[PDB]
């Protein structure tokens, strides 16, 4: 009954985009997964770009309920609007209704194991973009330790947190989910120059239940 889990009422359409090349850089998507694009107003919760990227939403339509994984931006979607994948749309409605009424809310993701960090290509001690994947709840704040004090990083529309002059040593980092739960983790040192491509690092924590 809080702000983060408030129930949205809107309409859904269906689309086959979002399994590949979504704006949120969450590939690879299981081709059998039920997914959705999210309208700007909710995706950018509180003005935080991509705040609900990778969230799981429970969606109720006229005739069923499904859980979907936010992988794309839905650029022209109205308030509370979803652009559902076809299997998710069919599980809650009739494809020949074109557009259906929906109600939805953020819910806990079916994650096992800890969060996963994706370091964007070209990241370095000078400029880096760090994405958090496999999180039980949407991630709204990313902090790291520098000279003994925490430094908050902004989230981008491509669902990474960007930081400048982060240095080239072991990063002590701190994450906050949309409920305000805080976890702390460590991450290996960034590349010294930005001549590298994507790589993934396992994290050592997971937001609680």
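Positions refer to the first chain, counted from 1.
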Higher of the two mean Cα B-factors (126-134, 82-90; per PDB record) comes from 82-90
Ranked by mean Cα B-factor in the entry, 60-68 and 155-163, top stretch is 60-68
From 119, 97, 116, 139, the top C-alpha temperature factor is at 97
Chain thirds by Cα B factor, record data; residue 26 belongs to the middle
Quick tally, chain-level thirds of C-alpha B-factors: residue 194 sits in the middle
By the entry's values, the third containing the CA B factor of residue 49 is the lowest
Chain-relative C-alpha B factor for residue 173 (record values, thirds): the middle
Tertile call for residue 182 (CA temperature factor, within chain, third-based) is the middle
